[PDB]
């Protein structure tokens, strides 16, 4: 129950796995979080972080905390390319990179088949799950990345149900990017199933977090 010290990062950078940030992967509980709220190592690929302030309060004090690989990188995606999702927006160690806890999936060859992946919570604890939705800047990039022009993403659980459509548009350059990526989180209750369907534009979880919370 020592504090969780994020260093130069803020909660968004840590929890997403911004390569600038320590994983702190052995931290299994904390009394409070010591943070740099104004850090630029929250989100490196520009976009909205939905309900961020709620997530800060959720994570403020935990009595049990376990990162686990909900969707293992090397085997969960046999029909999609999980090895190209790096970007100049997220540079690390002199090279293009991306978040530790998410995988930006693109097409395998020239076909992006219908993805459908499920996780059933057997942890006996609320499971924190984060994912991203990517919005290209042009119709050209939409096909280069995902082939399917009319892609969609669906995320569903006992508490959450939403279909995403890619919003293609040229936006002012942020971190030299004209597209965007929006970041989402939700808790999956003990025993519930969360389903990811997508024909494009989906930034899949790699790591999730089983958590119990410190309240009194």
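Numbering follows the first chain given and starts at 1.
Enquirer: Taking only the CA atoms, which stretch has the higher mean B-factor in the record, 172-180 or 143-151?
Expert: Higher mean C-alpha B-factor in the PDB entry: 143-151.
Enquirer: In the PDB record, does 22-30 or 184-192 carry the higher mean Cα temperature factor?
Expert: Mean B over CA atoms: larger for 22-30.
Enquirer: Out of 115, 127, 88, 102, whose C-alpha atom has the biggest B factor in the entry?
Expert: Of the candidates given, the C-alpha B-factor peaks at 115.
Enquirer: Grab the CA temperature factor for residue 163 from the record and place it in the lowest, middle or highest third of its chain.
Expert: Highest third of the chain for residue 163's C-alpha B-factor.
Enquirer: When the deposited Cα B-factors of this chain's modelled residues are ordered and cut into thirds, is residue 156 in the lowest, the middle or the highest one?
Expert: CA B-factor rank for residue 156: lowest third.
Enquirer: Just say lowest, middle or highest third for the CA B-factor of residue 61 relative to the other modelled residues in its chain.
Expert: Its C-alpha B-factor, which the entry lists for residue 61, ranks in the highest third among residues of this chain.
Enquirer: Split into thirds by Cα B-factor across the chain's modelled residues, where does residue 108 land: lowest, middle or highest?
Expert: CA B-factor rank for residue 108: highest third.
Enquirer: What third of its chain, lowest, middle or highest, does the C-alpha temperature factor of residue 210 fall into?
Expert: For residue 210, the deposited C-alpha B-factor lands in the lowest third.
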